[PDB]
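Engineer: Chains as they are written, first to last, in the working numbering: chain A, 1 to 264; chain B, 1001 to 1260; chain C, 2001 to 2264; chain D, 3001 to 3264.
Before anything else, here's the structure in question.
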Amino acid sequence: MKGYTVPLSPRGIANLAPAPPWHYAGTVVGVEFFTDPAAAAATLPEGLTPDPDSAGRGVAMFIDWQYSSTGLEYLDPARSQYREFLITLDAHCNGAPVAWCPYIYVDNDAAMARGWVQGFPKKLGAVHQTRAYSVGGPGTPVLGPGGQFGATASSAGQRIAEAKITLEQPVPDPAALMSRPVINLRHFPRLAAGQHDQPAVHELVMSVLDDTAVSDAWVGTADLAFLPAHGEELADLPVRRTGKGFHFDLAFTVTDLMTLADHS
Amino acid sequence: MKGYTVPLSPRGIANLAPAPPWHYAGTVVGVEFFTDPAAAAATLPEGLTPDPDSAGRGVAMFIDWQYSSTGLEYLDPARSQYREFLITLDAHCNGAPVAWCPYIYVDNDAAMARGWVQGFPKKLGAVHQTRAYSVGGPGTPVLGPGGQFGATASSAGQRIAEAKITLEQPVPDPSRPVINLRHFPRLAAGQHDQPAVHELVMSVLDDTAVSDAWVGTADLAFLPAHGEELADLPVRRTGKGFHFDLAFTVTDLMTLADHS
Amino acid sequence: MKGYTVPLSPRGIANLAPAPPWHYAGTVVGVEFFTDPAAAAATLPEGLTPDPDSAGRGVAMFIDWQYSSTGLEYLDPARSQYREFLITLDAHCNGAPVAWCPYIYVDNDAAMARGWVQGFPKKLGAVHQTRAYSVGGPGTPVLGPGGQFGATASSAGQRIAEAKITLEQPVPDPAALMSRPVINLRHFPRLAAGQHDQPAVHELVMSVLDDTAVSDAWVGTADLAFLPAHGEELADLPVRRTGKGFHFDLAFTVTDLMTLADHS
Amino acid sequence: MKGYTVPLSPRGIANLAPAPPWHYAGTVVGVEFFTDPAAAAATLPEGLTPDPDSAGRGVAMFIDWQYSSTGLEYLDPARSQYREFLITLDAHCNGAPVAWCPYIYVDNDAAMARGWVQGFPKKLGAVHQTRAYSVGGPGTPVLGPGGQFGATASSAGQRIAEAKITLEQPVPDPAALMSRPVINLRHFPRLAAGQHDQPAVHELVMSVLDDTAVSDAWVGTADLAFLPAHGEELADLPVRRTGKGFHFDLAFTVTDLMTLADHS
Ligand SMILES: *[C@H](/C=C/C=C/c1ccc([N+](=O)[O-])cc1)C(=O)O
Ligand SMILES: *[C@H](/C=C/C=C/c1ccc([N+](=O)[O-])cc1)C(=O)O
Ligand SMILES: *[C@H](/C=C/C=C/c1ccc([N+](=O)[O-])cc1)C(=O)O
Ligand SMILES: *[C@H](/C=C/C=C/c1ccc([N+](=O)[O-])cc1)C(=O)O
Ligand SMILES: [K+]
Ligand SMILES: [K+]
Ligand SMILES: [K+]
Ligand SMILES: [K+]
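Shown next as structure tokens:
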């Protein structure tokens, strides 16, 4: 049998995701927000410490992704396109600023599988963001000063996040938006009786992104709210204040992943 | 009892679609195709006749739409964004070349309702098209020569159309009006064959704009499916593939013939 | 061209719904509720009167439907099965008790089309109800005393209703559950400039059901809440108090519809 | 951090699936089928061998599931109800008859996660089956002689299986329907460079079902077809002949899993 993820199969096609490289091109609506430092700290895994300078700061990102591998998979958009909502929280790893990801939602099963392999704790959700069309007109915002963009995320039919940004000026240092590495947790439990508290995989990891590119980056103001929902804990990170709003394209390739600590 | 479409309500908010103006901005992946003239003619309503020059020609379009009205509704993409697959067939209306729309599919209930009001016979479906990102890289095609775009449409979990285009040249000067049929039946016993609304209409588009248009080669197939008839217009050969942005506003509709 | 609803076609197959008869078999989770009489009155169309005895009373129903016509269409569950959430409000039509339906949600486009033809103002939604399995065990409630059933409805990814019932005893008079006729409003607007306020169809109608049958009818206690949501007005009929909860099978055939008053 | 599957969280609620017990109640439309012995053998993992008596035989199952755990989770059908399509293939393990599961599809993210933990190689799909209603009438088949039931499965908008059964008589020995234990493969790859062919988890497992129960079991005739689809390999198991069709309720609890061989 062949394949990278399940299902393994005779021809290695049925698997949810093939082996890397995984290529990504996306458009991001992002919102800087600030929650209670203690609430953010409660989500951190062992190995990460509160950020001494910006504890409580986080970033909420709504992304329209397009994925591809080595065979022009982006020509099959029914499988390759997906929409994603995640938050990261400022933290430190041994004195270095990092971005811990506690929650993330996608509308695609292949994306969910790729995320689990990376340690992104992906669940299914419905994610939407306003789109900018270059033809212009009253059906689209301008990708420039004054342009307004909305974004929402739902899980199991429940709205969990709603955001709006208003662009003001270009980002001076676009590459700096990706300065903090994302930290994740690869986790796969055991089902054998007596071992439900002894996961087979449980390791802190740092996301490794090849050939990262950011373009058409804009910054402005933002409004954001997290909403309580049954079976979710996002709203346990209350939005006390919103920072800047961001809009940019993002691209990278995934071929690697750094294990920081293997907790068995 | 305020509102434009149902549900009517005390505040006029719950309705699937409010009154026009309806604004649209979209990106189109399309394929010119040719089917059997007799098959195309079989779909034509009363009032339309076969095209004496291009009978059998049609256009398949996959569109990523964004809608808005008078209140920045595009800030609510969960309701305002939708994806659409339709075909048009060359025909004549009183000697004038037109484009008849027999089938169209969308993934949004508000778009379905707006379409019914326009005479677009919209059903629900799953529609996807490759997207071009300006950042570039291996996760996206590049708009321009050699850029490849795929598109698909499904209905009730059944794939009904698959397409791919390869762009070759830009179009410097970016023509048939779309003809639709407003149709709303009666349920009163004895009147199931006497629709309350049954009228040929011409789509009216305000402030139409097309940008960044490209043409190239194309592959297209319609697939047989239960409860669908699209594949009864088999693709005997393809013409040009094309890619462009499209914008217009809807405020009006032209009644051509009332068959009720 | 052939067909009943659009699209009309050479074979009359592609249409969203064929001509009647339309057959229905369903399982209902229902909740009697009481809202503000003035709020219920605000939703009533011209021609209906507030109920002089039970103004403000309504019924919320979550239904798992199976539809069929003359050709065993229920063998195609991808098209024929759908789930439905609606409310009715007590009202009077010329001194006779009736049930006005202001809002209804389904997860199926064919059902939406059939609804519009009937005057049910259907929109898309996600509807779910707990199901009872004869095999029993910890994965199912019992269809009998003590059985608990939950139900929810969402629209555009927003939760608009959450309900729970606990069964106590059989319904004393099952047939009486369908005593109030449902009143609807067939409505189809015009798009020609200058006529956006002059609908082509605008007529009050009474639902006509053939061969109505109820079975396995139970009654008990109930909890219900409507939730505010963007683009919805259901929560403007707040649940001030809940009445009885109901669980029953329902079946009927649709071949007819009674026009009460034509207004445009 | 609390939780069984990802996401781990402060309160242990956001996780896709909590720790077992997992309770299941479902209604199965099943079809016995026969494919090419060599095609079935091509899907078998190491440790399984062709069945010396019935190589090529399989069972296609369409199931309407309801899940619960220790807190009446079936009162939240938006999360707890899901629909499932799978096939099993007759095989042998060390001379014992077993049922290997190469492919399986569900319409719920929690179900997909639970399956991965069990070694069920679940992907997202759309699955439907005709339902029998006690009220009867033209909208439902009879759960008895002559009752006809349809079932379908799609993946990424592509139909991959269509089936129909006609019931004839009760199953003589209902408990015998679950005689072959199911064999699965727990599999979780590595993303670290150089280790994309060295999965972290890769083990043959046998499904352990507690308190298995079958009821309302019927048998009859069947028709079945697998359809080719991009990104799938189900149709590489062509249906040369269909055997009997089955309709029954099924219930069990999952608390355990038996590791047969660790191939990591
Ligand atoms: C699943 C998700 C891939 C991860 C996407 C992602 C989001 C945000 C950052 N970031 O650094 O802000 C990085 C990666 C998949 O389908 O791979
Ligand atoms: C429903 C759809 C209305 C607009 C669709 C459309 C498609 C193609 C052309 N065309 O000129 O080729 C024009 C209009 C809605 O949501 O309004
Ligand atoms: C659309 C809806 C059909 C109507 C269902 C219905 C609900 C409730 C009652 N009632 O008397 O309480 C009657 C009928 C369709 O798909 O037809
Ligand atoms: C995922 C799936 C659970 C497994 C279901 C299943 C199907 C068939 C048999 N069988 O023995 O034929 C056993 C179990 C989940 O959501 O757990
Ligand atoms: K604009
Ligand atoms: K490229
Ligand atoms: K029970
Ligand atoms: K029957």
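Virtual Cβ for every residue (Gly too), placed ideally from N, Cα, C.
Taking CB distances under 9 Å as the criterion, tell me whether residue 3230 (chain D) reaches chain C.
Structural biologist: no
Engineer: Which residue comes first and which comes last in the beta strand (DSSP E) that contains residue 201 (chain A)?
Structural biologist: Counting along the chain, the unbroken beta strand (DSSP E) around residue 201 (chain A) starts and ends at 201-207.
Engineer: Identify each residue in the stretch 2003-2027 of chain C for which the Cβ-Cβ distance to at least one residue of chain B is less than 7 Å, and report them in chain order.
Structural biologist: Taking 7 Å as the Cβ-Cβ cut-off, the stretch 2003-2027 of chain C approaches chain B at 2004, 2005, 2006, 2007, 2008, 2009, 2010, 2011, 2013, 2014, 2016, 2019 and 2020, given in chain order.
Engineer: Out of A:243, A:203, A:109 and A:253, state which residue places its alpha-carbon closest to the alpha-carbon of residue 211 (chain A).
Structural biologist: That would be A:253, whose Cα lies nearest to the Cα of residue 211 (chain A).
Engineer: Where residue 114 (chain A) and residue 1186 (chain B) are concerned, what is the direct C-alpha to C-alpha distance, given to the nearest angstrom?
Structural biologist: 51 Å
Engineer: Taking the straight line between their C-alpha atoms, what separation do you get for residue 74 (chain A) and residue 90 (chain A)?
Structural biologist: 33 Å
Engineer: What are the boundary residues of the alpha helix (DSSP H) that residue 2114 (chain C) is part of?
Structural biologist: Per DSSP, residue 2114 (chain C) is one residue of the alpha helix (DSSP H) stretching across 2109-2118.
Engineer: From this set, D:3076, D:3064, D:3258 and D:3034, which residue's C-alpha is nearest residue 2148 (chain C)'s C-alpha?
Structural biologist: D:3076
Engineer: Closer than 8 Å is the cut-off here; do at least three beta carbon pairs connect the stretch 2016-2036 of chain C with the stretch 2061-2075 of chain C?
Structural biologist: yes
Engineer: Along chain C, in chain order, which residues have C-beta atoms closer than 8 Å to that of residue 152 (chain A)?
Structural biologist: For residue 152 (chain A), the chain C residues whose Cβ falls inside 8 Å of its Cβ are 2157, in order along the chain.
Engineer: Closer than 8 Å: is that where the CB of residue 166 (chain A) sits relative to any heavy atom of ligand 5?
Structural biologist: no
Engineer: Which chain A residues sit within Cβ distance under 7 Å of residue 2126 (chain C)?
Structural biologist: 157
Engineer: Using 9 Å as the limit for Cβ to Cβ distance, is residue 3078 (chain D) near chain C?
Structural biologist: So, interface residue.
Engineer: Using 8 Å as the Cβ pair cut-off and three pairs as the minimum, do the stretch 2080-2087 of chain C and the stretch 2039-2050 of chain C touch?
Structural biologist: no
Engineer: Taking only the alpha-carbon atoms, compute the straight-line gap between residue 3134 (chain D) and residue 2216 (chain C) and give it to the nearest angstrom.
Structural biologist: Their backbone Cα atoms lie some 8 Å apart in a straight line.
Engineer: CA-CA distance, residue 2313 (chain C) and residue 2080 (chain C)?
Structural biologist: There is no way to answer for residue 2313 (chain C), as the model of chain C reaches only from 2001 to 2264.
Engineer: Counting Cβ pairs closer than 8 Å, one from the stretch 104-124 of chain A and one from the stretch 1053-1063 of chain B, do we hit at least three?
Structural biologist: no
Engineer: Under 9 Å between the Cβ atoms of residue 2034 (chain C) and residue 2163 (chain C)?
Structural biologist: no
Engineer: Shorter than 8 Å, the distance from the beta carbon of residue 1179 (chain B) to the closest heavy atom of ligand 2, or not?
Structural biologist: no
Engineer: So that I know if they touch, is there some Cβ in chain D lying closer than 9 Å to that of residue 104 (chain A)?
Structural biologist: Yes, its Cβ sits closer than 9 Å to a Cβ of chain D.
Engineer: Less than 9 Å between CB atoms is the rule here; does residue 1137 (chain B) satisfy it with respect to chain A?
Structural biologist: So, interface residue.
Engineer: Check this for me: beta carbons of residue 1230 (chain B) and residue 1103 (chain B), under 9 Å apart or not?
Structural biologist: Contact: yes.
Engineer: Roughly how many angstroms separate the alpha carbons of residue 155 (chain A) and residue 1169 (chain B), rounded to a whole number?
Structural biologist: 43 Å
Engineer: Please indicate yes or no: does the CB of residue 122 (chain A) lie closer than 8 Å to some heavy atom of ligand 1?
Structural biologist: yes
Engineer: Assign residue 1228 (chain B) to buried or exposed, taking buried as 16 or more other Cβ atoms, counted over all protein chains shown, within 10 Å of its Cβ.
Structural biologist: So residue 1228 (chain B) counts as buried.
Engineer: Can residue 2246 (chain C) and residue 2171 (chain C) be called in contact, C-beta distance under 9 Å?
Structural biologist: yes
Engineer: Would you kindly report the start and end of the unbroken alpha helix (DSSP H) that includes residue 79 (chain A)?
Structural biologist: 77-80
Engineer: Rounded to whole angstroms, what is the Cα-Cα separation between residue 3258 (chain D) and residue 264 (chain A)?
Structural biologist: If you draw a straight line from the Cα of residue 3258 (chain D) to the Cα of residue 264 (chain A), it is about 20 Å long.
Engineer: Could you pull the DSSP bridge partners for residue 1180 (chain B) from this structure?
Structural biologist: B:1201
Engineer: Given a cut-off of 9 Å on the beta-carbon distance, is the pair residue 2 (chain A) and residue 3006 (chain D) in contact?
Structural biologist: no
Engineer: Please go through the same chain and pick out, in chain order, the residues whose beta-carbon is closer than 6 Å to the beta-carbon of residue 1119 (chain B), but skip the five residues on each side of it.
Structural biologist: 1180, 1181, 1182 and 1201
Engineer: Going by Cα to Cα distance, which pick from A:130, A:20, A:11 and A:60 is closest to residue 242 (chain A)?
Structural biologist: A:60
Engineer: Does DSSP put residue 2211 (chain C) in a helix, in a strand, or in coil?
Structural biologist: strand
Engineer: Go ahead and label residue 2145 (chain C) buried or exposed: buried means 16 or more other beta carbons lie within 10 angstroms of its beta carbon, across all protein chains shown.
Structural biologist: exposed
Engineer: At least one CB of chain B closer than 9 Å to the CB of residue 277 (chain A): is that the case?
Structural biologist: Only positions 1 to 264 of chain A appear in the structure, and residue 277 (chain A) is not among them; the question remains open.
Engineer: Could you give the distance in angstroms between the alpha-carbon of residue 152 (chain A) and the alpha-carbon of residue 161 (chain A)?
Structural biologist: Each residue's Cα considered, the two are about 6 Å apart.
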